Number of protein chains: 2
Amino acid sequence: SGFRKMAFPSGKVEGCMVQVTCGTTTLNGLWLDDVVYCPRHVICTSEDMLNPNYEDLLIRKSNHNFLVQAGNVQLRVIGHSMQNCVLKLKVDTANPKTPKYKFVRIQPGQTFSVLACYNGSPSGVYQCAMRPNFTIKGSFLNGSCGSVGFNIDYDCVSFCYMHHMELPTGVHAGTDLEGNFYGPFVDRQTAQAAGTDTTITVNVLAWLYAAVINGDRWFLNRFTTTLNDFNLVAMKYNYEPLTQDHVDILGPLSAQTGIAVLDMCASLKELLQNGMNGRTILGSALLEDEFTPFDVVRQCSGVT
Amino acid sequence: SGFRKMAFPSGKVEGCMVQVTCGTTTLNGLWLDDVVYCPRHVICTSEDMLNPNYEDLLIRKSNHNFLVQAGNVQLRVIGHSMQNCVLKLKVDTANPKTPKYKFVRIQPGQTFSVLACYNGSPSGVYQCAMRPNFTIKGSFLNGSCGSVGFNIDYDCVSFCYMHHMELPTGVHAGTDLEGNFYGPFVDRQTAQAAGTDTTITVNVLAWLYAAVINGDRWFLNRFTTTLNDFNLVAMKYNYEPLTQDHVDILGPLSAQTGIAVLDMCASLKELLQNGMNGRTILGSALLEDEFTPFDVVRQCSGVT
Ligand SMILES: CC(=O)Nc1cnccc1C
Ligand SMILES: CC(=O)Nc1cnccc1C
């Protein structure tokens, strides 16, 4: 019992983290096989970042201008290409610690572990979600770019995020490992305002199921609702619409707890309309939306 | 920018996790050099746990009754002793992945990363604190016992916690790596009620400093207070007393932000008396007390 914001174990990903230096810019790279992945803005001065032409900036760079370091050993760079907003540096040595991995582009509402790195050295690991506005609310200083977001399925690391940008609002934008930004964000020091950070309704429900499973039941009410009726209230509260798909996804938690998804929705409805009145749920004063249904099942069942 | 509940990278500790089986009981062990540490209740049936005599239970156990597995390779057990509430199984092979490590007994209010394991396999990593009632609010199922709590100082893992007990209230008790329980808890399925879970006042202040540093300033007020005056209010709100030591510990955050500790206290005072009024601080509706001043400095500065 007890329910905690839980990152995947970082070990497998620690073994992939290198330091990438181009001129005076140092950030983090992901070393998988004989490729090192890093943000392409490693080639930018902070001045460049105002209006960078990455193809043009790149012409002035050779393999030997990319200094790649794993621990205190330098990797030889034998090739470089730009894929979207990432650089792929071909090194002459396949990472001996390469885990089984995939590159996956996650949907808004999907959670993942971030291994925050500085100079290719891990500082910590936290759990995030891809927000519906395709931002993430990370913890990232200067030098944290190239820090990656991942899921582990038993022994296979699915890389879903590379850290690129702080927005003027101190939220975060980055890419999948093909270099494509989540959302409409760009690797440029320009006006970039996030849209509405809506609450991930299915995640809140998953977490209400987690709460019931761990003995926090005070918010279970006598009401049910409909998808359409619940959704009117969701809209009003900047909650994502709930789909039949979300309901199906919650089925196993519905099954285990014997609370119909729509009854739980009616509980969530009342929590929205009526607030917490100073009570907590799993030690939170707000409705947590950074546990997926899969996160809840995993943590409630003890998958490894 | 952005501030996140951040565990240390788990890699170094993943490399230490083994499966300990005694008869029908399987839980987690910590393999450091040629010793495997696990809770002594590995030798108990759930029936034993009602009133176990561990010395007597132990007499009926030999080295070969302790089945230790690292990945899918069995370790040969060549000795066993009981130290307080842990077993130390001497194995014939020193863990090749033994990191630099210490055993440290932490104080209430100290935070640490937990690597939750099942059958010696890591499932996740979260950040906890030793509560003032010497419980922790973990996430632990059956088979999670022997999961450890740690800090990393650069490359040296300080092991501070081994998981032992769920209390009937679904909070957690365990030992340091010398087998001594935090608090008055015992490895017995008996009535064990925790005392007052008071808020770690210095940790809340550290986190209010973190918030100011990350642009959440709305709660900064025009008031100051005294230790004695603040403490009257702390008492009333089940907050730990604030000591001059706590003030000194917060000095560097005081320095960096230019907010005197006592002014921040006067801010905290008002937050207690007046609540959040539906506002959040670093995306929390309650005052977070599981970041230490050292946690805040680390995460705000980017130590690795
Ligand atoms: C270009 C950029 O945004 N770099 C960055 C990323 N994350 C956190 C802080 C910073 C300065
Ligand atoms: C003896 C004991 O308390 N075992 C345990 C520990 N942590 C979580 C769940 C359980 C059943």
Side-chain angles (χ1 to χ4, degrees), chain A residues 1-15 17 113-128 136-144 152 154 166-167 169-172 214-216 275-276 278 280 282-287 295 298-304, chain B residues 1-15 17 113-128 136-144 152 154 166-167 169-172 214-216 275-276 278 280 282-287 295 298-304:
Chain A
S1 207
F3 201 79
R4 269 280 189 188
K5 187 63 75 55
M6 196 179 290
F8 288 98
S10 53
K12 283 187 195 295
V13 183
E14 292 168 58
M17 297 312 311
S113 312
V114 165
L115 184 60
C117 296
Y118 301 94
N119 313 127
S121 283
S123 30
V125 64
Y126 47 89
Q127 189 67 356
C128 295
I136 78 151
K137 301 170 149 154
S139 170
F140 294 114
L141 317 179
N142 266 299
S144 70
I152 316 174
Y154 169 41
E166 198 152 59
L167 301 197
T169 55
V171 303
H172 298 118
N214 291 277
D216 274 27
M276 307 282 269
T280 65
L282 293 167
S284 169
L286 56 66
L287 303 179
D295 290 341
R298 195 180 305 109
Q299 181 176 170
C300 293
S301 87
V303 172
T304 64
Chain B
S1 207
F3 201 79
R4 269 280 189 188
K5 187 63 75 55
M6 196 179 290
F8 288 98
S10 53
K12 283 187 195 295
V13 183
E14 292 168 58
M17 297 312 311
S113 312
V114 165
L115 184 60
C117 296
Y118 301 94
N119 313 127
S121 283
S123 30
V125 64
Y126 47 89
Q127 189 67 356
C128 295
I136 78 151
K137 301 170 149 154
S139 170
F140 294 114
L141 317 179
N142 266 299
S144 70
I152 316 174
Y154 169 41
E166 198 152 59
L167 301 197
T169 55
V171 303
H172 298 118
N214 291 277
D216 274 27
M276 307 282 269
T280 65
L282 293 167
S284 169
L286 56 66
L287 303 179
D295 290 341
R298 195 180 305 109
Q299 181 176 170
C300 293
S301 87
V303 172
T304 64

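By convention in this document, chain letters (A, B, ...) are assigned in the order of the sequence lines, proteins followed by strands, and residues within each chain are numbered from 1. These values consider heavy atoms only, across backbone and side chains, with no hydrogens, waters or symmetry-generated copies.
With contacts defined as side-chain heavy-atom distances shorter than 4.5 Å, the pair B/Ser123/A/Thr304 qualifies. Between A/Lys137 and B/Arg4 there is a side-chain heavy-atom pair separated by less than 4.5 Å.
Annotation: maximal heavy-atom pairing with chain B below 4.5 Å, among A/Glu166, A/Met276, A/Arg298, occurs at A/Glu166. When each of B/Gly15, B/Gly302, B/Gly275 is scored by its heavy-atom pairs under 4.5 Å with chain A, the top score falls to B/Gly302. With chain A as the partner, the residue from B/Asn142, B/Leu286, B/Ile152 showing the most heavy-atom pairs under 4.5 Å is B/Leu286. In terms of heavy-atom pairs under 4.5 Å with chain B, the best-connected choice from A/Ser1, A/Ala285, A/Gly170 is A/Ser1.
When heavy atoms are compared at a cutoff of 4.5 Å, B/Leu115 approaches chain A solely by way of its side chain, counted from C-beta outward. B/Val303 touches chain A through its backbone: at least one of N, CA, C or O sits under 4.5 Å from a heavy atom, while the side chain does not. For chain A, no part of B/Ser144 is nearby; none of its heavy atoms comes within less than 4.5 Å. Interface remark: A/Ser301 contributes backbone atoms only to the contact with chain B (heavy atom separation under 4.5 Å). Within the 4.5 angstrom heavy-atom criterion, atoms from both the backbone and the side chain of B/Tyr118 approach chain A. For chain A, no part of B/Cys117 is nearby; none of its heavy atoms comes within less than 4.5 Å. Contact annotation for B/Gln299: both backbone and side-chain heavy atoms come within less than 4.5 Å of a heavy atom of chain A.
Here the closest non-hydrogen pair linking B/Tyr126 and A/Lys5 is CB-O, 3.6 Å. Contact detail for A/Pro9 and B/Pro122: the closest heavy-atom pair is CG-CB, 3.6 Å. Annotation for B/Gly11 and A/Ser10: closest pair N-OG, 4.0 Å, computed over non-hydrogen atoms.
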